[PDB]
């Protein structure tokens, strides 16, 4: 095959926020990634007649934008013609944030071939880290580049002693990969009982993927809830995580034997759906402290095959 990025022409390119939340102060539409929104990429295209089966073309996504929803994008990506046949089979590489498509025999079925597509998309959370910030969302389809500014707000309320979000949903097993932030305000406690209770999911203790990281720098609390754990101090083995209710409940005393603590923590967990008929469910967190019990909750909805997530106190 040949690279035919110069022979596949995209037009009417747009990035939508679905549904989008209007900021009642500025009047602008925002992307509230932890209040059920996703992005959508849409375009029409034409294909020169010299293109043949096996020729390739790319969608290159920019540093703040990726395909997928709360659920990470599939490695395999089909593009369908208006008749419902697969015109191109794609391979998405997360390291290069690029899908390479290979045309099928269907590109040779007709002359003057024309198609369109709508693809769910999202912020690249490890890069678009910060709330209430406009990010250039960019894509190059073939050789056609498009971008628009999208204000992202993940709702990381820094004054809250307990807040949690879905980091991502795994595309292969539909597991919820969670991030909870404990003590962003850096208060001092003598009691700190951290409880997670799952509805529709279970933990797997033997997988050793309930992780506790001690924060040493306030910037580690990225608003996107996708922190770079490779840079953090992994203190998990210092704590006793107690499972109950057939692995639906996890309890940990974050004081770990100390009389007083103003330590701050990032906690990551993996919650597996009970079965393959649905991945809906709910995750409830509580932090019981000296004089206050804090609560945060996470819920999900599937919309036309994209995963959406909502967190709330």
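Residue numbers count along the first chain shown, from 1.
For the pair 193-201 and 88-96, the record assigns the higher mean C-alpha temperature factor to 88-96. The stretch 70-78 shows the higher mean C-alpha B-factor when 162-170 is compared against 70-78 in the entry. Reading the B-factor column for the CA atoms of 277, 269, 264, 286 in the entry, the top value corresponds to 277. When the CA B factors of the chain's modelled residues are split into thirds, the value for residue 25 lands in the highest one. Annotation for residue 294: CA B-factor lies in the lowest third of the chain's modelled residues. When the modelled residues of the chain are ordered by their C-alpha B factor, residue 133 lands in the middle third. When the modelled residues of the chain are ordered by their C-alpha B factor, residue 112 lands in the middle third. Annotation for residue 233: CA B-factor lies in the highest third of the chain's modelled residues.
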